Structures are given as C-alpha cells and as structure tokens.
Protein chains: 2
Amino acid sequence: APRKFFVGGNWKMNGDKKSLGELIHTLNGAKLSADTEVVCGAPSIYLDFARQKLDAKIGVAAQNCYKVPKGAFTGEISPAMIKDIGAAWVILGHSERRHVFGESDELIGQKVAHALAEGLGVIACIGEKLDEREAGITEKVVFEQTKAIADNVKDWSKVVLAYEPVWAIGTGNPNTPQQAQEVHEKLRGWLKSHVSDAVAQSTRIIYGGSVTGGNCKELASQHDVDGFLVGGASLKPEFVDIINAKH
Amino acid sequence: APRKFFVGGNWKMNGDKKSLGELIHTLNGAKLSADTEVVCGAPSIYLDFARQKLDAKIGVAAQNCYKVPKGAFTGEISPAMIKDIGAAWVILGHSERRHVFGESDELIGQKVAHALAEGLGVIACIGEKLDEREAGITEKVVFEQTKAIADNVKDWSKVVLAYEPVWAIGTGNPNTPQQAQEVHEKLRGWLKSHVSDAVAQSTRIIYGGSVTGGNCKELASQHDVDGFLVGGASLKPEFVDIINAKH
C-alpha cells in the first residue's frame with residue numbers, strides 16, 4: 001500500500017574506477033534503511049563496473065539511453081545494452097538532456113516507450129525553468145512534460161516520476177518543503193485525473209534539486225514527496241543520510 | 001615519411017558482450033597487415049570490455065565525449081574516463097552527432113581541444129549533407145568544419161581527419177574513388193595553406209561512407225585517401241579485408 005521511499009543517485013559525469021570503487025565500497029558498507037529503494041546512475045563507461053561492485057540490493061541506472069535496441073547512432077547506448085550488463089534502470093529526460101543537449105519531449109517519450117518495453121525501470125524527469133515559474137506556467141510545463149512521458153507508459157509500476165526544477169539543480173537553491181509539496185501534489189493530481197486513482201496513489205514522485213543530508217529530512221516528510229533524485233551529494237558520504245531521510 | 005594507412009571501425013550502437021566478444025576474437029586472430037593502424041570505436045558501455053579483450057596492437061576509441069573532465073552533464077563521458085579504462089582515442093564530430101543529435105562546430109571544436117589536451121588521439125569527422133552537395137557548397141562546408149577543428153589543434157600528430165559525406169553513411173552509396181580523391185585533395189590543400197606543409201603531408205585523411213571489402217581497394221589506392229572510417233562493415237569479417245585494403 002504505502003509508496004516505498006525511493007532515492008536515486010545521479011553521479012552525472014563524475015569519477016573514475018578508483019573513486020567510484022571507494023564510493024561504492026562506502027555504500028556497500030553503510031547502515032541503510034531497509035525501507036528505501038536505492039538506485040545509482042553511473043556514467044555509461046562505468047555501468048558494468050558499477051553493477052559488479054554494488055550490492056545487488058542497490059540498483060543501477062544508466063544516465064540516458066536511445067529509443068531502439070541498435071543502429072547507426074554513434075555515441076548512444078540502448079536498453080538492451082543496459083540489461084546486458086545487468087542494470088535495470090535508466091534515467092530519462094534529465095534536466096541536462098533537455099536543456100544542455102536539447103532532448104525534446106517527443107524524443108524522451110519514445111525513449112520511455114522503448115526502455116519500458118525492454119524491461120527497464122525508468123526514472124522519468126520533469127521540471128520548469130525559472131522564467132517559466134515566474135511567468136506562472138509551472139503547472140502547464142510539468143503537465144505537458146508528464147503527459148509526453150505518460151503517453152508512453154502502459155505499466156507505471158516501474159516508473160518513478162522525478163521533479164527537478166532547473167533553477168534548483170546544482171545551485172544550492174532547493175525548493176523549500178512547502179514548494180516541493182505543492183508541485184508534487186499537483187502532479188499526483190495530474191496522474192489521478194489523466195491516468196487513474198491507483199497509479200496516482202502508487203507512483204513515486206521524487207524531488208531533485210540541491211538535496212543534501214541537511215535539507216532532506218524535511219523534504220521527505222511531505223505527504224507527496226516520495227524520495228529524491230540526488231546529484232552532487234550522491235558522490236558524497238551524505239548520500240547515506242539521504243537514503244536515511246525519514247529515519 | 002609516408003602516412004601510415006589507418007582504419008577505424010566505428011561499431012556505433014551495436015553489440016552486446018557475447019557478440020562483441022566474438023567480433024574481437026575474430027579480429028584478434030585475423031592476419032592483419034602490420035602496416036595498418038587499426039582503432040575500434042566501441043559503445044561507451046563496452047569501452048572497458050573492448051580494451052581488455054582487444055589486442056593492445058589495436059586501439060580503442062570512444063564514440064564521443066564531452067569537453068571538461070567532470071561535471072553536471074548527465075549522459076556524458078570525458079577523456080579522463082576514456083583514458084581511465086585504457087582507451088587512447090575518441091571519435092568526434094561524427095555525422096550522427098551533428099545531424100541526429102545537433103552537435104555544433106563550436107562544441108565539436110571544444111571537444112577536440114579538450115580531448116587532445118587530455119592526451120587522447122582524435123578522429124575528427126567532417127562531411128556535407130546531400131542538399132549542400134547539390135547547392136555546390138561541399139567545399140565551403142567541409143572547410144568550415146575543418147577550420148572549427150583546426151582552431152583547436154596545436155599538435156596534428158594525434159589527429160586523423162575523417163571525411164564522411166552524410167549521403168554515403170550506411171546507404172550503400174559510397175563516394176566513387178574519384179569523388180573521395182577530389183574532396184580529400186581539397187582538404188589536404190586547405191591544411192597546407194591554413195596550417196602548414198608538414199601538417200598537410202603528415203595528416204591522415206581517411207574516407208568514410210559505405211566502405212566495404214568490395215570497394216576499399218580502389219579507394220585506398222587514391223593519392224589522398226589515407227584509410228577508412230568504417231561503420232557497417234566494421235561489425236563484419238570483411239573489416240579485416242578493409243584493414244588489408246592495400247595488400
């Protein structure tokens with residue numbers, strides 16, 4: 001019944017085998033709350049290494065993939081490859097894919113369709129730019145983004161919605177608990193009106209954007225914040241405190 | 001003095017561990033002309049695997065990278081990571097990066113400056129689209145693209161220029177020997193007037209676009225075609241025949 005608390009650790013473009021080995025070793029040894037679903041997004045070049053070294057009970061997420069299993073797409077990786085090395089997650093639509101690398105909603109949606117059909121779980125990311133927030137269209141944008149994802153999700157049981165407002169990522173400027181709750185509440189409302197009651201109640205909507213061990217307790221306690229997408233802090237020992245946000 | 005014949009196999013988004021493992025075993029065992037510098041561009045998720053399994057006499061290229069060693073760039077890998085798993089090459093400015101994923105000359109130029117500064121060798125790709133070819137601006141375009149690379153190259157000893165017209169990639173419609181010679185000749189001329197004689201005479205300009213065991217011999221025998229960037233056929237046993245184009 002109650003949604004399992006979920007924290008994903010997006011390492012982004014960071015680390016080598018030495019430092020990621022140390023990061024994993026610390027994680028493998030830490031007292032983690034059994035309640036928490038943990039997944040680590042490793043750089044593609046280290047995904048295989050990450051899955052070998054990480055405890056099986058911690059999942060491994062690719063930081064992106066493409067929308068068919070193979071083809072002339074130099075630089076891309078496909079879900080089949082991600083499954084091939086034993087990872088079971090991909091992060092899709094991350095703020096950086098949309099706004100640094102120009103990945104459209106149509107492309108993200110296709111990626112979501114493909115990854116789910118290949119048996120991966122997806123952390124689908126959404127979020128509005130600061131200018132969109134002050135223009136008043138936060139809802140309009142995240143809903144549009146959520147819909148483009150939702151149009152390609154038959155089974156929500158393996159999707160985690162991740163709300164990361166662009167102006168909070170890497171900035172040390174996180175949503176207050178109140179702000180995150182507000183947007184999460186509205187997304188869950190979206191799911192309830194556009195998909196189903198069950199999917200709204202069962203789907204995890206995690207908060208990303210400058211989450212730390214110091215601010216995570218209070219973000220986690222909000223009714224509709226089901227966990228965290230963590231970037232900068234996911235490279236640090238305080239990722240453990242974040243996994244343990246509730247406890 | 002004479003430029004070493006160079007063949008790069010760009011596997012693009014293809015393979016799993018079983019099948020690349022078979023591709024590598026075949027390649028490792030093949031009678032290859034000692035004359036030929038061979039490099040294999042593996043998918044990023046398989047880079048470490050490819051370097052382990054491939055003979056050290058064959059080089060390994062990443063299919064892309066980004067322009068700083070580390071940071072908030074979800075989905076990206078850096079030269080430091082590529083070096084870290086023991087690969088010495090990156091393919092940059094591939095047709096697919098430019099025309100499927102929208103990578104610009106400015107960005108590709110930054111990637112080249114970084115990769116070279118980090119001590120990777122670079123296979124820098126250039127090429128006009130069909131519509132640009134019939135507009136009669138092939139020269140203008142490849143020159144522009146070559147310049148954007150050249151502005152970020154202090155030491156050409158680790159660069160290979162790759163001319164791959166978009167209409168020739170994967171189409172079974174390659175440049176005739178005559179067509180590639182013509183463009184190659186003009187690129188070499190550019191290098192002479194814009195960089196130096198020595199750089200013009202020493203820099204490999206390889207041709208890409210539908211190179212097969214059947215057509216490679218006659219392309220290789222052209223005065224200014226120094227080798228090949230091979231996609232489709234690089235996944236096949238005839239990659240060996242292409243490595244052996246000259247003999």
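One is the number of the first residue shown, and numbering goes on along the chain from there.
Cβ atoms are placed via backbone N, Cα and C, with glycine included.
Annotated features in Swiss-Prot:
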- B:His94: active site, electrophile (ACT_SITE)
- B:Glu164: active site, proton acceptor (ACT_SITE)
- B:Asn10, B:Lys12: substrate binding site (BINDING)
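Feature map: Swiss-Prot annotations on the structure.
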residue: B:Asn10; record: substrate binding site; DSSP (3 states): strand
residue: B:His94; record: active site, electrophile; DSSP (3 states): coil
residue: B:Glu164; record: active site, proton acceptor; DSSP (3 states): coil
Checking the recorded positions B:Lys12, B:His94 for other Cβ atoms within 10 Å of each Cβ, the smallest tally belongs to B:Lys12
Taking only the CA atoms, the spacing between B:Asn10 (substrate binding site) and B:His94 (active site, electrophile), expressed in whole angstrom, is 10
Rounded Cα distance, in Å, between B:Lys12 (substrate binding site) and B:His94 (active site, electrophile) is 10
For B:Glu164 (active site, proton acceptor) and B:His94 (active site, electrophile), the CA-to-CA distance in whole Å is 8
